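Residue numbers (the authors' numbering), protein chains in the order written: chain J, 20 to 60; chain 1, 32 to 223; chain a, 32 to 223; chain F, 318 to 482; chain G, 1228 to 1326; chain B, 297 to 369; chain 8, 29 to 247. The C-beta atom is built at its ideal place from N, Cα and C for all residues, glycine as well. Working notes, structure below.
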Ligand code: CLA
Ligand code: CLA
Ligand SMILES: CC1=C[C@H](O)CC(C)(C)[C@H]1/C=C/C(C)=C/C=C/C(C)=C/C=C/C=C(C)/C=C/C=C(C)/C=C/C1=C(C)C[C@H](O)CC1(C)C
Ligand SMILES: CC1=C[C@H](O)CC(C)(C)[C@H]1/C=C/C(C)=C/C=C/C(C)=C/C=C/C=C(C)/C=C/C=C(C)/C=C/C1=C(C)C[C@H](O)CC1(C)C
Ligand SMILES: CC1=C[C@H](O)CC(C)(C)[C@H]1/C=C/C(C)=C/C=C/C(C)=C/C=C/C=C(C)/C=C/C=C(C)/C=C/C1=C(C)C[C@H](O)CC1(C)C
Ligand SMILES: NCC(=O)NCC(=O)O
């Protein structure tokens, strides 16, 4: 699975998974914390 | 030298043999010899003018003739200025003309001389000759008193720009309650 | 030497031939010879002024003229100071100016002499000439009386910061009721 | 009132905008039965809109001529009037997070530059090394300031290519 | 507004006097250091501009200090500008003060 | 016999400590010999002045019954 | 190198040898890879730990004394406002400026000691007091006028033991002050009040019931 994990470590797979997890994290942030116009603490 | 301003630091090498040298040039403004020279005459001249100015500011308050701020006010919107409460017959334009002529003459004769004589000219400027007997320490006194007087004049200007009182009345107000009248209490210095 | 501060201790080497030396320097402030040389004169000077201050406060309280704290209180409130019932028409500004001039002259003409001469002089300061003929034990007496006087003066300051009464009045109140009139009883010294 | 602006808690046009949005959503409501899935979706949308408007009125935003929140992008003008969360606090937040990402990428570049084949390591990313450097990049400001004071953050101009003028 | 004759004459005489006795050495030093305007090395005249030749009515003067007619006219012009400035600013009777 | 040699003014505008290198050493000949340098300076200044003219005549209308003719402005 | 570590199984980083007090090999972010930066961070750790120890003492001892009816000291979070309402209270800005001026004078000297460890000890600096700033060769451990009782200056390893005790106490008090800040930010009660509430019902009274730690939006 060394070659398979090397394929998973290739630049397109890693950038698509990274933008996927970042977009999903931001989406769930807006799902639980919607309409956050300002950083009101 | 006698001094270090930052005791735990190394001072610039070009500030060692000069009088009143504490090695204070953290910005490196006088790394060149000509600039260091020009700064030296500028420092001594500013110190002398500031000593005269601070002496005048203190003396007009202690003799009771207003502060340093309302002194030119009688000459404006009317005329008839006062010195020691007396009378002078000169208005603003001719006073500026006479002062410009006198200062032009004095500073054109001073600035056309030797560089050492542009800051330390003996003879008629030392009538009793007390510069003899090692003038290094007395020069250190002169530049230090000048530095204190420049600080004092800047303080007069800034305090009047912030609080609007006279320097001696500001001093008395500070002595009234140093807890709650200092520079942190007005709305100007600290933006709170 | 006479004494060792603690009964059993290691003694600093630089505190043996000094008068009234007990080896009391646990901080090691006088490890350098110059530090000890300056601090010796500082201690002598502090002891002398503390003796003068203790004599002043005791003589102003037992002679029935007023309290030492209330001495500069009538200096404002209009004016007119008190000294043996004298009117003395000197205001606050001129008094401070004269005192500053006198102290500046005396201290400038004082501390420009030799290190031994700055602290231990002769001439008109010992007119009866009894510094000669064993001066070490007399110096020891001077230092010990000075230390006692500094303790007395700081005690007067702390006592007036605490209870706020006179020195001799507090002494009389302590002698009258030694139970509830101590340093411990007021709510400023012992919080537990 | 920092620049002729009124708070949205008391500005009338903010309440008018909220009322108009809720009324439009109610007009959308008045077509389905009470317990249908579109009815629940519209009720959730209404609740979100009212919560958003009440939160904007609560947080102390400034409204202009009409009821739209305005942000202040001046330190001091926003600090002493309590609107540092408009621009200043998100400025600090972005600076921190962008510095984290950029420092992680930089350290990955300098880590794989001194390997056998730096060419291969940039298309074939060493995932454990990237994860470690992404974790280490959370202390990016202190590391960057330390490397700047050390002089190892910048490169000397004599070792950098330029054109022949 | 205090007599144009006295103000203009006094200011012109003063400008001439401080130009002849006070400001003459520094002006001479500046004129010596700056000197001719030079182009590509040589001056304008040496490059062929015959109109740029130093006029001969200023080169030699019987003044002991070499105060030429052009210096006289420049200093008189400066004095006239100062005199008319003070006359005009004393003619107006309005509150220009920031008080 | 009076006035300025602009070459010497450019020569004297050299700050110490090498802040600007040689300062303005020989910029007089650089501008004077090059017609393209002069044309670039002239076009830059004239374009900035044209922008100033645009920004000023709308906000400070100079001509009588301007800023009522909306098409003209 | 065989000293106990922050993870029995994870070897220490090569920039943490064991010489520094409290070196348990804990640096997962590798912030102290630069030696000079490591020295600066060691001094910062000492200063933060000492100030946190002083602050946590001044929080938990007066609060405990108030709990047992001694002195009656208000809450540490509102103690600034309690004094600020006094009839002879120094204004906040003036008091802050006085404190900052004194601390400027002191800690610029401390800073210059951080650079060169024998900085302030040169003759002619003060008025005879410069002899007390010799230092012990390690910045952050001045000695001289400081440490009057001379604790640890006897066997060298005695001072290293005290150094480790100091650094562990400082880290504990720093964590404690972070806890005080976070506990008062969530629950409007004192640290001892939070402790007493936790002992009443640990499964009910904690950080999962304040409503501020875990956001209500998620649950
Ligand atoms: C027409 C009369 C006259 C003449 C011919 C001169 C001539 C001269 N003065 Mg002088 N001066 C005059 C009037 C005159 N002064 C008056 C009325 C005053 C007030 C009492 C001064 C106060 C004064 C001081 C304090 C100094 C001189 C100096 C000099 C010499 C240096 C050349 C120079 O000024 O640099 C070039 C000329 C200029 C740059 C013109 C600008 C003038 C402005 C006001 C100076 C800018 C500084 C500004 C106030 C502060 C900087 C910003 C700061 C807030 C950060 C020169 C020979 C300096 C010296 O001794 O040699 C170094 C010196 O330090 N003068
Ligand atoms: C992490 C890598 C990295 C870093 C540290 C930088 C840093 C910098 N870039 Mg650059 N850049 C990058 C990647 C990077 N860039 C990539 C991939 C591209 C191609 C799209 C560019 C294209 C680019 C241009 C055209 C310019 C810069 C400029 C700059 C400088 C201005 C600041 C800035 O953020 O500009 C903006 C940076 C971007 C718009 C690109 C950001 C793209 C992503 C977010 C970075 C890559 C993330 C990386 C994969 C993370 C790896 C994690 C690791 C653990 C594996 C700055 C020093 C400007 C400059 O020269 O300033 C003087 C400039 O003109 N960059
Ligand atoms: C050294 C250095 C170096 C490094 O590296 C950097 C840094 C830091 C930057 C530095 C520092 C600097 C500084 C501090 C400066 C300042 C100065 C001054 C203040 C001056 C004044 C100066 C000042 C001055 C002269 C003044 C003078 C005055 C006068 C005359 C007055 C007069 C008067 C009088 C009598 C009164 C009346 O009624 C009015 C009048 C008429 C008004
Ligand atoms: C040695 C050492 C070393 C080691 O190592 C460490 C340690 C421990 C730190 C040390 C110790 C120290 C100490 C103890 C110190 C102290 C001091 C003092 C007490 C001073 C005082 C001091 C004090 C003093 C001078 C005082 C003085 C006083 C006076 C003048 C008074 C005056 C007066 C009088 C007459 C009366 C009136 O009515 C008022 C008046 C006018 C006010
Ligand atoms: C090691 C490491 C390395 C790796 O690599 C990475 C990582 C992970 C990042 C790391 C970790 C870190 C950490 C943990 C940190 C923390 C810190 C702190 C907490 C500090 C504090 C610190 C703290 C502090 C100073 C504090 C202090 C305090 C005070 C003074 C207080 C005061 C007070 C009092 C008395 C009371 C009153 O009524 C009020 C007040 C006024 C308020
Ligand atoms: N050269 C005089 C001196 O050293 N004075 C020190 C002191 O004030 O005791």
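Among the options, nearest to residue i - alpha-carbon criterion
i: residue 186 (chain 1); options: 35 (chain 1), 138 (chain 1), 111 (chain 1), 201 (chain 1); result: 201 (chain 1)
i: residue 156 (chain 8); options: 104 (chain a), 75 (chain a), 68 (chain a), 134 (chain a); result: 68 (chain a)
i: residue 330 (chain F); options: 377 (chain F), 386 (chain F), 321 (chain F), 460 (chain F); result: 386 (chain F)
i: residue 199 (chain 1); options: 100 (chain 1), 73 (chain 1), 74 (chain 1); result: 100 (chain 1)
i: residue 413 (chain F); options: 455 (chain F), 448 (chain F), 427 (chain F), 439 (chain F); result: 455 (chain F)
i: residue 341 (chain F); options: 459 (chain F), 396 (chain F), 367 (chain F); result: 367 (chain F)
i: residue 89 (chain a); options: 180 (chain a), 162 (chain a), 65 (chain a), 50 (chain a); result: 180 (chain a)
i: residue 47 (chain 1); options: 162 (chain 1), 212 (chain 1), 216 (chain 1), 171 (chain 1); result: 171 (chain 1)
Buried or exposed (CB count within 10 angstroms, at least 16 for buried), residue i
i: residue 160 (chain 8); result: buried
i: residue 298 (chain B); result: exposed
i: residue 314 (chain B); result: exposed
i: residue 420 (chain F); result: buried
i: residue 57 (chain J); result: buried
i: residue 234 (chain 8); result: exposed
i: residue 236 (chain 8); result: exposed
i: residue 1291 (chain G); result: exposed
i: residue 111 (chain a); result: exposed
i: residue 205 (chain 8); result: buried
i: residue 222 (chain 8); result: buried
i: residue 40 (chain a); result: exposed
i: residue 23 (chain J); result: exposed
i: residue 375 (chain F); result: exposed
Ligand 1 heavy atom lying under 7 Å from the CB of residue i
i: residue 181 (chain 1); result: no
Distance cut-off 7 Å: residue i Cβ against heavy atoms of ligand 3
i: residue 236 (chain 8); result: no
i: residue 56 (chain 1); result: yes
i: residue 102 (chain 1); result: yes
i: residue 87 (chain 1); result: yes
i: residue 191 (chain 1); result: no
i: residue 107 (chain 8); result: no
Per DSSP, the bridge partner or partners of residue i
i: residue 379 (chain F); result: 324 (chain F), 387 (chain F)
i: residue 441 (chain F); result: 29 (chain J)
i: residue 1265 (chain G); result: 1270 (chain G)
Residue i beta carbon near ligand 6 (any heavy atom closer than 7 Å)
i: residue 145 (chain a); result: no
i: residue 153 (chain 1); result: no
Near ligand 4: residue i beta-carbon under 7 Å from a heavy atom
i: residue 184 (chain 1); result: no
i: residue 84 (chain a); result: yes
Any non-hydrogen atom of ligand 2 closer than 7 Å to residue i Cβ
i: residue 419 (chain F); result: yes
i: residue 423 (chain F); result: yes
Cβ-heavy atom distance, residue i to ligand 5, below 7 Å
i: residue 55 (chain 8); result: yes
i: residue 131 (chain 1); result: no
i: residue 59 (chain a); result: no
i: residue 59 (chain 8); result: yes
Open item on the list: Using a Cβ distance threshold of 8 Å, determine whether the region 114-133 of chain 1 contacts the region 462-482 of chain F, with at least three qualifying pairs required.
Closed with: no
- [ ] Spell out a yes or no on whether the region 1256-1275 of chain G and the region 1300-1316 of chain G are touching, meaning 3 or more CB-CB pairs, one atom from each, closer than 8 Å.
- [x] no
Task: Any 3 or more C-beta pairs closer than 8 Å across the region 134-141 of chain 8 and the region 30-43 of chain 8 - done: no
Open item on the list: I want to know whether the region 163-180 of chain a touches the region 75-95 of chain a - three or more CB-CB distances under 8 Å.
Closed with: Two segments are said to touch when three or more pairs of C-beta atoms, one from each, lie closer than 8 Å; by this definition the region 163-180 of chain a touches the region 75-95 of chain a.
TODO: Kindly confirm or deny that the region 1253-1268 of chain G and the region 299-309 of chain B touch, where touching means at least three C-beta pairs closer than 8 Å.
DONE: With a cut-off of 8 Å on Cβ pairs, the region 1253-1268 of chain G is in contact with the region 299-309 of chain B, counting three or more such pairs.
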